[PDB]
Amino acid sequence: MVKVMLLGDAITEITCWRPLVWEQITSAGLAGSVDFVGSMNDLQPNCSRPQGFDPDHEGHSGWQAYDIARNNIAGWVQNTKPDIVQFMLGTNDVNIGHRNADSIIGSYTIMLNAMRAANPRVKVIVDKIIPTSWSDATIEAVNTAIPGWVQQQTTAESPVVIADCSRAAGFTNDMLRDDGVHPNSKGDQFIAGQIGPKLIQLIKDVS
């Protein structure tokens, strides 16, 4: 069994891209080979929940990378020992914390270090962050920084790869809810199509 932690904020907790990814996993022939792990298991009722879906995740609405890095991720990975960790974090660091991109990249490094302390062979997907409807420049600066962060951090033993969910990759404002931060169903389809093929490759790598 490959254990996968889907770490994040509301963009992971309240959305429907995780069931769409489960359907991609199921089609690939992997449904009985993957365990989604995490302390959460809620799924919104609007989502289409596929047969055999694993609702486990590590997404927490409103939570910041800053906090998760320093206070939570070590306990979360100790408890579940994932093989793969996929994340999108930083939206709330900007919109709630009023933190800068340097802070968010630093939090990424703290998080990756904790992941690796628990599992030196962890494979990681960092997501470029979806835009806001106002095209928040701090989110975009994180996105600009992510490739250099990956190039500095990745190793053959613990590969880090990008799932690019950004504006540059095609995330449009018509993929956002009225609040301007959360994806709607179109956004969720876009996100799933960016994460899922990256995740499936890594699953097969562990196998």
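When you see a residue number, it is the position in the sequence shown, counting from 1.
*Asks:* Comparing 116-124 with 99-107, which stretch shows the greater average C-alpha B-factor in the deposited entry?
*Replies:* Taking the mean C-alpha B-factor of 116-124 and of 99-107, the larger value falls to 116-124.
*Asks:* For the higher mean C-alpha B factor in the entry, choose 129-137 or 79-87.
*Replies:* According to the entry, 79-87 carries the higher average C-alpha B-factor.
*Asks:* I'd like to know which of 31, 146, 163, 175 has the highest C-alpha temperature factor in the PDB entry.
*Replies:* Across 31, 146, 163, 175, the entry lists the biggest C-alpha B-factor for 31.
*Asks:* Looking at the C-alpha B-factor of residue 18, is it in the lowest, middle or highest third of its chain?
*Replies:* According to the entry, residue 18 has a C-alpha B-factor in the chain's lowest third.
*Asks:* How does the C-alpha B factor of residue 192 compare with the rest of the chain: lowest, middle or highest third?
*Replies:* Its C-alpha B-factor belongs to the middle third of this chain's values.
*Asks:* Determine, from the deposited record, the chain-internal third of the Cα B-factor for residue 181: lowest, middle or highest.
*Replies:* Answer is lowest: the recorded C-alpha B-factor places it there.
*Asks:* Give the position of residue 157 by CA B-factor within its chain, expressed as the lowest, middle or highest third.
*Replies:* Residue 157: CA B-factor falls in the highest third of its chain.
*Asks:* Quick one: classify residue 170 as lowest, middle or highest third of the chain based on its Cα B-factor.
*Replies:* Middle third of the chain for residue 170's C-alpha B-factor.
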